[PDB]
Structure formats: C-alpha cells, structure tokens
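Just one chain is shown here, as structure tokens, and it is the form deposited in one PDB entry.
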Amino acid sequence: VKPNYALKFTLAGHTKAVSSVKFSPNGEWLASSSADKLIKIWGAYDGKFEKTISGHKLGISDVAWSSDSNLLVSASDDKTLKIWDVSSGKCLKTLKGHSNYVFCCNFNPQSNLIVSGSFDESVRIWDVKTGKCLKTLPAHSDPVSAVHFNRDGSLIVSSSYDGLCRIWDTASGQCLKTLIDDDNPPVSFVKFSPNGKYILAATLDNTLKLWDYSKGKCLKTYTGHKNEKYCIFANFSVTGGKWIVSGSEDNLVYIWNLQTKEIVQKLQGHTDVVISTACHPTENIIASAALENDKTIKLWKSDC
C-alpha cells in the first residue's frame, strides 16, 4: 500500500522562514512558528488563518502544544521560552535560564512539565505552573537539536550536534543511555515513537534511523532524502498506513514505508528547504513548512 497525499491548501502569512508546524492534539488547529518572531494559528482542516501570537524579541525555532490543546510553548533566540494561552493569546510565563538560543521544546504528556534544549548545550526541565526551572542537565557538548518526553513522561530523549542521542530519567536527571552508530554525524532531530518503544533520529548525513532504545540497537534506516545542514523534524504517520515522514533540503516531503524502508511518496511544491512536517492525529493530513525563499505552509490530504 502507498499513500496518495495531494496538496489542498497553502498558508501564507509568515514574513520570514517558517521554523516548525504542529497540530494540536485535538486536531482542530495548526500552530506554526517563524524567524519573524511570530506564532500563527490556522485551521487544521481548511487552513483558514485564526490568529497571530507575538511577544518574542527574536525569532522562534520551535513551538509545541499542551495535551489539552490549550497551551503553547515557544523557544526563541531571545534565550527565553514562553508559555501561551492560545484562546486569550496571553503570554502566561517567560522561562528564563538558558544562556544562549533555545532551539526546541516540548510538554510532557501530563503537561505539568516543559523540556527545552539550547545552544548553551544544556537541557532544562521547567514547571508549567510556576515557570521556574526544576532541573538543568549538562546534557551535551554542542547545541541541543531536539528534546522529547516518552509516553508516560518518565524519560526524556535529547539530541545534539555532538553526534549523541541521550536518554535521561525525568525524575532524577541521570543519563540512562547514550546512542551513536558507526560514524559520528551531528544528530539534528530525535523523538519517541507513539508507543514509546522506539526513537526516531535524524543525522546530518541524509539519514533517518529508527532505534530500539532499550537494546541500544538501530532497527531501521531511511535514506534517499537530503539532510546535511538543517534540523528537520520527522514524524510517525499512523492514521492511515504506518509511514515515516520527513522534510528535505531538496524542497520535497519524503514518505517511507516504516517497515520496508522504501520511499512510497514524495511531495513537491515548496521552493525552499522543507524544515518541518507534522501529521494530523486522526486524519491523513500532513502539514509541511519551508525556509526563507518559500515562507509558506502546505496542507496535504490522502486516503490512507
């Protein structure tokens, strides 16, 4: 079986490169962030612009939803994170404590914690309610490209330019696992699988790798795309067929069969690097977003 994603909408409005797109857990909304310092909210099914959320003093590299789709967290070059109430547009908290750009952020499944990674080579764990830093992990010796909680929040996965992927115990902060393969390419992305048993990692040698984190073993490899410079998100597509979805530096979206590693589809139409993709939680919908020469978001829909 192969998907048949087709372009349905193109969302313009960001005045600088788009950095990330995320669907809300309830599937109503798409949040996007940009180098233009803005978060934008769009309808997940029609693409109709909802609203703009502002307050960061410099560009935003990442944005992420809370479990109930009520809150966003944004990570910015102004070295802060911000917790936003989506409905009112208010900045509820400004998380200060990184000493360099913040690159990535996520909530835990409870959404009482936020995890952040920074150019200052640290991972930070913040309390959502008070906005105070709970833990500072000296995680890496280079900028941290991604951070992600597992399904129950007991585990944090982080990746860094230093070529390492590390697994941390959320409660204690000890390094439980370090993952690296035959070479040492910079790791540009990582995230847990929806069941929590695997982690998907991207390296800046045109490679996506599905890892069994307990055994410390690389289970699958996905190649054929172009990833050498940019921290490109990748996703597990589970609503239809089980796919691996990723942007690429040749301006295309790539879709692999998860088990066979075969490329099953390429999505064409962006005019710059596809830095970000997200998959809708109930419908076969992909959102993709591209860099400075393109500045748009595209929604694609398929039958499986």
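The term rigid core refers to the most C-alpha atoms you can superpose between the two forms while keeping them within 1.5 Å. Residues that one form lacks are left out of the comparison. Note that residue numbering follows the sequence shown and begins at 1.
Below: the form solved in complex with a small molecule, not depicted.
Could you tell me if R151 has a non-hydrogen atom within 4.5 Å of the small molecule in the bound PDB entry? The answer is yes: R151 has a heavy atom within 4.5 Å of the small molecule.
Decide whether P138 counts as a contact residue for the small molecule in the bound PDB entry under a heavy atom distance cut-off of 4.5 Å. Output for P138 is no: heavy atoms all beyond 4.5 Å of the small molecule.
With a 4.5 Å heavy atom cut-off, would you call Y45 a contact of the small molecule in the bound PDB entry? No.
Interface membership of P194, the small molecule in the bound PDB entry, 4.5 Å heavy atom rule: Yes - in the bound PDB entry, heavy atoms of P194 and the small molecule come within 4.5 Å of each other.
Options 125-133, 166-174, 108-116, 195-203; stretch whose heavy atom lies within 4.5 Å of the small molecule in the bound PDB entry: The contacting stretch is 195-203.
Contact residue in the bound PDB entry, from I53, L258, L30, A64 (heavy atom within 4.5 Å of the small molecule): By the 4.5 Å criterion, the partner-contacting residue is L258.
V86, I83, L210, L155: which sits within 4.5 Å of the small molecule in the bound PDB entry by any heavy atom? Result of the distance check: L210.
For the set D85, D212, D181, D127, which residue undergoes a C-alpha shift of 2 Å or more between the shown form and the other one, given alignment on the rigid core? The listed residue whose C-alpha shifts by at least 2 Å is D181.
Once the rigid core is superposed, list every run of three or more consecutive common residues with all C-alpha shifts of 2 angstroms or more between the shown form and the other one, in sequence order. Shifted segment: 180-184, the only one.
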